[PDB]
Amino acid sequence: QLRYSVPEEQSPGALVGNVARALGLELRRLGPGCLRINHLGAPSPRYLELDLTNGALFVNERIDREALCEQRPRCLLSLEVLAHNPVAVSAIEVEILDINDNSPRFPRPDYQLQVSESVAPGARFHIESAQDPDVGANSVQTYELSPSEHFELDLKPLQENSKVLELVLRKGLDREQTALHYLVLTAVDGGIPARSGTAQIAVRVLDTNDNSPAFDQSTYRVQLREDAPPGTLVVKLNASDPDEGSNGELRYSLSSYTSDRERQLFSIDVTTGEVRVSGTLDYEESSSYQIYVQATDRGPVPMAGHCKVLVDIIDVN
(Lines of atoms letter the chains of each structure in order from A and count residues from 1; the text may use other names and numbers.)
(Lines give C-alpha, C1' and ligand atoms only; values in the text may rest on other atoms or scores of the structure.)
Protein backbone atom coordinates (compact mmCIF):
# COMPACT_ATOMS: atom_id res chain seq x y z
CA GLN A 1 0.00 0.00 0.00
CA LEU A 2 0.94 3.65 0.33
CA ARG A 3 2.39 4.30 3.77
CA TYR A 4 3.07 7.37 5.90
CA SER A 5 4.26 7.85 9.47
CA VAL A 6 2.72 10.65 11.51
CA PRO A 7 3.77 11.48 15.07
CA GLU A 8 0.82 11.85 17.46
CA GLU A 9 -0.40 15.13 18.97
CA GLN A 10 0.67 17.42 16.12
CA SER A 11 -1.40 20.57 15.76
CA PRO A 12 -3.75 20.65 12.74
CA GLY A 13 -2.23 21.81 9.44
CA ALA A 14 0.85 19.60 9.72
CA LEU A 15 1.81 17.88 6.46
CA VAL A 16 1.55 14.10 6.21
CA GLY A 17 2.33 13.50 2.55
CA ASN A 18 1.63 14.39 -1.05
CA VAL A 19 -1.10 11.89 -1.88
CA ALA A 20 -1.85 13.05 -5.42
CA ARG A 21 1.75 12.76 -6.60
CA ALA A 22 2.30 9.48 -4.76
CA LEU A 23 -0.77 7.81 -6.28
CA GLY A 24 -0.43 9.58 -9.62
CA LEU A 25 -3.86 11.16 -9.33
CA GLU A 26 -4.78 14.31 -11.24
CA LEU A 27 -6.49 16.82 -8.94
CA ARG A 28 -9.50 16.93 -11.27
CA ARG A 29 -10.10 13.28 -10.37
CA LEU A 30 -10.39 14.26 -6.70
CA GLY A 31 -13.43 15.98 -5.22
CA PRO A 32 -15.49 16.47 -2.04
CA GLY A 33 -15.98 13.23 -0.11
CA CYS A 34 -13.09 11.40 -1.78
CA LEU A 35 -11.35 10.53 1.51
CA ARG A 36 -12.50 7.67 3.75
CA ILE A 37 -10.98 7.02 7.19
CA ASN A 38 -11.02 3.71 9.08
CA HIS A 39 -9.67 2.41 12.39
CA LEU A 40 -9.87 -1.26 13.43
CA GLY A 41 -12.16 -1.93 10.47
CA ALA A 42 -14.65 0.73 11.57
CA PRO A 43 -15.09 4.34 10.42
CA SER A 44 -13.36 7.03 12.50
CA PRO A 45 -13.32 10.85 12.94
CA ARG A 46 -11.50 13.08 10.44
CA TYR A 47 -8.06 12.80 12.04
CA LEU A 48 -6.73 13.59 8.58
CA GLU A 49 -8.03 15.70 5.71
CA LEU A 50 -7.10 15.98 2.05
CA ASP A 51 -6.51 19.34 0.37
CA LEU A 52 -8.07 19.34 -3.10
CA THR A 53 -6.06 22.37 -4.25
CA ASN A 54 -2.58 20.84 -3.96
CA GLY A 55 -3.34 17.18 -3.25
CA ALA A 56 -1.77 17.28 0.21
CA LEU A 57 -2.68 15.02 3.12
CA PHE A 58 -2.50 16.87 6.43
CA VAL A 59 -3.41 16.61 10.12
CA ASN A 60 -6.94 17.89 10.68
CA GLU A 61 -7.57 16.99 14.34
CA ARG A 62 -5.65 16.11 17.49
CA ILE A 63 -4.43 12.52 17.15
CA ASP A 64 -3.83 10.85 20.55
CA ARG A 65 -2.17 7.45 20.10
CA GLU A 66 -2.86 6.52 23.73
CA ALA A 67 -6.62 6.93 23.27
CA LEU A 68 -6.54 5.24 19.86
CA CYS A 69 -4.25 2.24 20.31
CA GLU A 70 -3.64 2.11 24.09
CA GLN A 71 -0.81 -0.35 24.72
CA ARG A 72 -0.77 -1.99 21.29
CA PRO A 73 2.69 -1.67 19.66
CA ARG A 74 1.39 -0.51 16.26
CA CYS A 75 -1.09 2.30 15.58
CA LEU A 76 -2.45 2.41 12.04
CA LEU A 77 -5.10 4.47 10.26
CA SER A 78 -6.60 2.97 7.10
CA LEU A 79 -7.44 5.48 4.38
CA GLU A 80 -9.27 5.11 1.10
CA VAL A 81 -8.72 7.70 -1.61
CA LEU A 82 -11.50 7.75 -4.18
CA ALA A 83 -10.88 9.05 -7.67
CA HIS A 84 -13.28 9.35 -10.59
CA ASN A 85 -12.91 9.56 -14.38
CA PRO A 86 -12.11 6.72 -14.23
CA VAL A 87 -13.15 5.27 -10.88
CA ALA A 88 -10.22 4.12 -8.75
CA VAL A 89 -9.77 3.25 -5.08
CA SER A 90 -6.35 3.69 -3.52
CA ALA A 91 -5.60 2.45 -0.02
CA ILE A 92 -3.30 4.48 2.21
CA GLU A 93 -1.92 3.42 5.57
CA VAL A 94 -0.94 6.04 8.11
CA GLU A 95 1.10 4.94 11.10
CA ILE A 96 0.74 7.00 14.25
CA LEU A 97 4.15 7.25 15.89
CA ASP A 98 4.31 7.39 19.67
CA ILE A 99 5.87 10.36 21.44
CA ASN A 100 6.95 10.55 25.08
CA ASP A 101 4.07 12.74 26.27
CA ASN A 102 3.31 10.67 29.36
CA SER A 103 5.23 10.13 32.60
CA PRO A 104 5.57 6.89 34.62
CA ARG A 105 2.96 6.76 37.40
CA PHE A 106 2.64 4.52 40.47
CA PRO A 107 -0.89 3.53 41.59
CA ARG A 108 -0.28 5.18 44.98
CA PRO A 109 2.04 7.98 46.16
CA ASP A 110 2.63 6.41 49.60
CA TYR A 111 3.52 2.79 50.39
CA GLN A 112 4.19 1.34 53.83
CA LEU A 113 6.31 -1.77 54.48
CA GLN A 114 6.60 -3.60 57.80
CA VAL A 115 9.81 -5.58 58.31
CA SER A 116 10.78 -7.43 61.48
CA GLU A 117 14.17 -6.62 62.99
CA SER A 118 15.01 -10.34 63.09
CA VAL A 119 14.62 -10.70 59.32
CA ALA A 120 17.96 -11.73 57.85
CA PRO A 121 19.69 -10.08 54.85
CA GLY A 122 18.86 -11.36 51.37
CA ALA A 123 15.15 -11.34 52.12
CA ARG A 124 12.96 -10.00 49.31
CA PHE A 125 9.89 -7.78 49.29
CA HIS A 126 7.17 -7.20 46.73
CA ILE A 127 6.96 -3.65 45.42
CA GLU A 128 4.32 -2.53 42.93
CA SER A 129 5.51 -1.51 39.46
CA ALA A 130 4.86 1.90 37.90
CA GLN A 131 2.78 2.29 34.74
CA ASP A 132 3.41 4.36 31.60
CA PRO A 133 0.66 4.64 28.95
CA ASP A 134 3.32 5.22 26.26
CA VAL A 135 4.83 2.32 24.30
CA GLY A 136 8.26 0.98 23.41
CA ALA A 137 11.22 3.02 24.65
CA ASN A 138 8.82 5.73 25.84
CA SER A 139 7.45 3.36 28.50
CA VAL A 140 8.99 2.44 31.87
CA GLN A 141 12.53 1.10 31.48
CA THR A 142 14.45 1.64 34.72
CA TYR A 143 13.89 2.04 38.44
CA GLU A 144 16.17 3.66 41.00
CA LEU A 145 15.98 3.72 44.80
CA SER A 146 16.89 6.49 47.22
CA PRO A 147 20.27 5.97 48.94
CA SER A 148 20.01 3.24 51.58
CA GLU A 149 22.61 1.06 53.27
CA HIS A 150 19.91 -1.51 53.99
CA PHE A 151 17.91 -1.85 50.78
CA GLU A 152 18.64 -2.29 47.08
CA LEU A 153 16.52 -2.99 44.00
CA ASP A 154 16.55 -5.95 41.65
CA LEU A 155 15.29 -5.31 38.14
CA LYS A 156 14.92 -8.21 35.71
CA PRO A 157 13.47 -8.39 32.21
CA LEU A 158 10.38 -10.62 32.27
CA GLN A 159 8.36 -10.55 29.06
CA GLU A 160 8.68 -8.41 25.95
CA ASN A 161 8.14 -5.03 27.61
CA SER A 162 7.64 -5.57 31.36
CA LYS A 163 10.04 -6.23 34.22
CA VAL A 164 10.12 -7.75 37.67
CA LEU A 165 10.94 -5.36 40.47
CA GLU A 166 12.04 -6.64 43.87
CA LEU A 167 13.10 -4.90 47.07
CA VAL A 168 16.11 -6.64 48.60
CA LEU A 169 17.36 -6.42 52.18
CA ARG A 170 21.12 -6.15 51.97
CA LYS A 171 22.07 -5.23 55.53
CA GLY A 172 20.49 -6.12 58.86
CA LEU A 173 17.85 -3.88 60.42
CA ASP A 174 18.10 -2.50 63.96
CA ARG A 175 15.02 -0.80 65.40
CA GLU A 176 17.03 0.52 68.35
CA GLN A 177 19.24 2.28 65.82
CA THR A 178 16.45 3.26 63.41
CA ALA A 179 12.76 2.40 63.59
CA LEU A 180 11.66 3.99 60.32
CA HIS A 181 13.44 4.02 56.97
CA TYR A 182 12.24 6.57 54.43
CA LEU A 183 12.69 5.44 50.84
CA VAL A 184 11.81 7.09 47.53
CA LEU A 185 11.29 4.86 44.50
CA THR A 186 11.80 6.46 41.09
CA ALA A 187 10.55 5.02 37.79
CA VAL A 188 12.14 6.29 34.56
CA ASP A 189 11.23 5.86 30.88
CA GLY A 190 13.64 5.64 27.95
CA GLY A 191 12.48 8.77 26.16
CA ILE A 192 14.86 11.68 25.62
CA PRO A 193 14.69 13.59 27.82
CA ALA A 194 13.61 10.93 30.32
CA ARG A 195 10.39 11.39 32.28
CA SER A 196 10.01 10.23 35.86
CA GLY A 197 7.48 9.17 38.46
CA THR A 198 8.02 8.59 42.16
CA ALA A 199 6.49 6.77 45.10
CA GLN A 200 7.28 7.03 48.79
CA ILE A 201 8.06 3.86 50.74
CA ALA A 202 8.08 3.87 54.54
CA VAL A 203 9.88 0.86 55.99
CA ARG A 204 8.93 0.24 59.61
CA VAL A 205 11.23 -1.98 61.66
CA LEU A 206 9.26 -4.09 64.13
CA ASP A 207 10.83 -4.78 67.53
CA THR A 208 12.28 -8.15 68.48
CA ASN A 209 13.57 -9.02 71.94
CA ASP A 210 17.20 -9.04 70.82
CA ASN A 211 18.65 -7.10 73.76
CA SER A 212 19.21 -8.48 77.25
CA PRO A 213 19.04 -6.27 80.39
CA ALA A 214 22.34 -4.72 81.46
CA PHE A 215 23.59 -3.15 84.68
CA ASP A 216 25.82 -0.07 84.58
CA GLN A 217 28.50 -2.06 86.40
CA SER A 218 29.29 -5.78 86.66
CA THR A 219 30.19 -5.60 90.35
CA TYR A 220 29.12 -3.30 93.18
CA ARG A 221 31.00 -2.86 96.46
CA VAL A 222 29.13 -1.55 99.51
CA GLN A 223 30.06 -0.99 103.16
CA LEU A 224 27.23 -1.84 105.53
CA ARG A 225 27.32 -1.35 109.29
CA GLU A 226 26.26 -4.44 111.23
CA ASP A 227 23.85 -2.32 113.29
CA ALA A 228 22.07 -1.06 110.17
CA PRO A 229 18.30 -1.22 110.83
CA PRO A 230 16.07 -3.45 108.69
CA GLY A 231 14.82 -1.57 105.63
CA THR A 232 18.15 0.24 105.27
CA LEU A 233 19.09 0.95 101.66
CA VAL A 234 22.11 -1.16 100.75
CA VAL A 235 22.37 -0.12 97.11
CA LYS A 236 20.25 1.17 94.22
CA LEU A 237 20.82 -0.96 91.12
CA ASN A 238 20.13 0.49 87.68
CA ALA A 239 19.49 -1.84 84.74
CA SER A 240 18.46 -0.76 81.23
CA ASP A 241 16.91 -2.44 78.18
CA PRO A 242 16.82 -0.58 74.82
CA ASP A 243 14.06 -2.78 73.34
CA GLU A 244 10.48 -1.58 72.90
CA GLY A 245 7.55 -1.90 75.28
CA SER A 246 7.24 -5.21 77.10
CA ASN A 247 10.58 -6.30 75.61
CA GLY A 248 12.39 -3.50 77.43
CA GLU A 249 10.52 -3.76 80.72
CA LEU A 250 12.55 -5.05 83.64
CA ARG A 251 11.87 -6.93 86.86
CA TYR A 252 14.63 -7.25 89.46
CA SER A 253 15.19 -10.42 91.48
CA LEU A 254 17.80 -12.25 93.54
CA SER A 255 19.51 -15.15 91.77
CA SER A 256 18.52 -18.66 92.84
CA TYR A 257 22.18 -19.39 93.58
CA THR A 258 21.91 -17.11 96.62
CA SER A 259 21.88 -18.98 99.93
CA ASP A 260 18.74 -19.34 102.05
CA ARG A 261 20.31 -17.27 104.83
CA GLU A 262 21.04 -14.29 102.56
CA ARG A 263 17.44 -14.22 101.33
CA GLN A 264 16.45 -13.86 104.99
CA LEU A 265 19.02 -11.10 105.51
CA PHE A 266 18.57 -9.21 102.23
CA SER A 267 15.68 -8.29 99.92
CA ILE A 268 15.41 -6.53 96.55
CA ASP A 269 12.55 -4.51 95.08
CA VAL A 270 11.17 -6.03 91.88
CA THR A 271 10.50 -2.75 90.07
CA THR A 272 13.02 -0.26 91.50
CA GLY A 273 15.94 -2.61 92.15
CA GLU A 274 16.63 -1.28 95.63
CA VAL A 275 18.53 -3.79 97.74
CA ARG A 276 17.60 -3.37 101.39
CA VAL A 277 18.36 -4.99 104.74
CA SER A 278 15.72 -7.50 105.84
CA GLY A 279 17.17 -9.10 108.97
CA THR A 280 19.63 -8.07 111.67
CA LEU A 281 23.32 -8.26 110.76
CA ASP A 282 26.17 -9.77 112.77
CA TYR A 283 29.86 -9.29 111.95
CA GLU A 284 30.59 -12.39 114.04
CA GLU A 285 28.06 -14.36 111.98
CA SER A 286 29.45 -13.21 108.63
CA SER A 287 32.33 -10.95 107.57
CA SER A 288 30.93 -10.50 104.07
CA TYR A 289 28.03 -11.32 101.77
CA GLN A 290 27.85 -12.10 98.06
CA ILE A 291 24.50 -11.19 96.53
CA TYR A 292 23.74 -12.18 92.95
CA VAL A 293 21.18 -9.98 91.22
CA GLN A 294 19.52 -10.47 87.85
CA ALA A 295 17.24 -8.29 85.73
CA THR A 296 14.77 -9.96 83.38
CA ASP A 297 12.72 -8.96 80.32
CA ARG A 298 8.95 -9.20 80.02
CA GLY A 299 9.32 -10.28 76.39
CA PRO A 300 8.01 -13.55 74.85
CA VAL A 301 11.41 -15.10 75.43
CA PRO A 302 12.59 -13.38 78.62
CA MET A 303 16.21 -12.24 78.52
CA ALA A 304 18.32 -11.62 81.59
CA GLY A 305 21.30 -9.59 82.74
CA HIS A 306 23.41 -10.22 85.83
CA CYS A 307 25.60 -8.47 88.38
CA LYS A 308 27.19 -9.15 91.76
CA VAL A 309 26.80 -7.14 94.95
CA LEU A 310 29.66 -7.43 97.44
CA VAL A 311 28.64 -6.33 100.93
CA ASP A 312 31.35 -5.46 103.44
CA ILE A 313 29.96 -5.71 106.96
CA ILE A 314 31.60 -3.20 109.28
CA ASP A 315 32.17 -4.27 112.88
CA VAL A 316 30.47 -2.16 115.55
CA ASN A 317 31.64 -1.91 119.17
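For every residue, the number given is its place in the sequence shown, counted from 1.
On average the C-alpha atoms of 230 to 238 have higher B-factors than those of the other stretch, with 205 to 213 and 230 to 238 being the two compared. Stretches 72 to 80 and 109 to 117 differ in mean C-alpha B factor, with the higher average recorded for 72 to 80.
Of the candidates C34, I63, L27, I268, the PDB record gives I268 the highest C-alpha temperature factor. Ranked by C-alpha B-factor against the other modelled residues of its chain, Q223 falls in the highest third.
Among the modelled residues of the chain, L23 sits in the lowest third by CA temperature factor in this PDB entry. Annotation for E176: C-alpha temperature factor in the middle third relative to the rest of the modelled chain, per the entry. Among the modelled residues of its chain, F58 has a C-alpha B-factor that falls in the middle third according to the deposited record. Sort the modelled residues of the chain by CA B factor and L48 lands in the lowest third.
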